[PDB]
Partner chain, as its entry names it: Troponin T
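Single chain ahead, by itself, as structure tokens, in the form deposited without the partner chain.
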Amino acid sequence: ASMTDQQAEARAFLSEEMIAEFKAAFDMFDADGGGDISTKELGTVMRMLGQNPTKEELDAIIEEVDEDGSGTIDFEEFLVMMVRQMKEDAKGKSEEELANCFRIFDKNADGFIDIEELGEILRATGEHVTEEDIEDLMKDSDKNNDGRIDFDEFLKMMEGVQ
């Protein structure tokens, strides 16, 4: 992926109204109307738009985009950086939520989901699940054949591909 390839993929990931919303905030720091902002303002615009880069991440980005020393980042490069951050933050949110889901499923807090806990959570959804359906999910998710689902197997069960 060239930079332009990365920029075309960044644009394809976002709806056009979202792109124009991001440009409306970006434009408030341009002033000069040139299609770019100081790299000193990148963190501010990113956080205004709901992203949370660390300082180390921002330094890494600035160094990626400011090799000519102009001290600016353009809008197309800004979109590439926003999509990278959106993907990273969403990944972190999903892992955090899966760890909370496991702590709820594991009613007895022993570090495993057993067939009784699994049957009880699935029946409470209201779905017409049978004991055979519950046993089939258990057997398919239980990689090491100990009769239970630990957090590593839970992550694989839920994420599915993984």
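Numbering follows the first chain given and starts at 1. Rigid core here is just the name for the largest C-alpha set that superposes within 1.5 Å across the two forms.
Per-stretch averaging of Cα B factors for 82-90 and 68-76 places 68-76 on top. Of the two stretches examined, 25-33 and 43-51, the record assigns the greater average C-alpha temperature factor to 25-33.
In the PDB entry, residue 9 places in the highest third of its chain by CA B-factor. Sort the modelled residues of the chain by CA B factor and residue 127 lands in the middle third. Residue 140 sits in the highest third of its chain by CA B factor, as recorded in the PDB entry.
Annotation for residue 57: C-alpha temperature factor in the lowest third relative to the rest of the modelled chain, per the entry.
Among all modelled residues in its chain, residue 114 ranks in the lowest third by Cα B-factor.
Keep in mind that the form deposited with the partner chain bound is not shown, yet the notes after this line are about it.
Put simply, residue 114 is far from the partner chain in the entry with it bound: not one heavy atom of it is within 4.5 Å. In the entry with it bound, the partner chain lies farther than 4.5 Å from every heavy atom of residue 70. Although the partner is absent here, residue 146 is a contact residue: one of its heavy atoms lies within 4.5 angstroms of the partner chain in the entry with it bound. Interface membership of residue 66, defined by any non-hydrogen atom within 4.5 Å of the partner chain in the entry with it bound, is ruled out.
Within 4.5 angstroms of the partner chain in the entry with it bound, the stretch 73-106 places a non-hydrogen atom from each of 100, 102, 103, 106, taken in sequence order. When the rigid core is held fixed, the Cα atom of residue 106 travels less than 2 angstroms between the shown form and the other one. Core-superposed comparison between the shown form and the other one: the CA of residue 41 exceeds or equals a 2 Å shift. Positional change of residue 65 between the shown form and the other one reaches 2 Å or more at the C-alpha, relative to the superposed core. Whereas the shown form places them at one spacing, the Cα atoms of residue 10 and residue 48 lie at least 3 Å farther apart in the entry with it bound. Inter-residue distance, residue 23 to residue 67 (Cα): reduced by at least 3 Å in the entry with it bound versus the depicted form.
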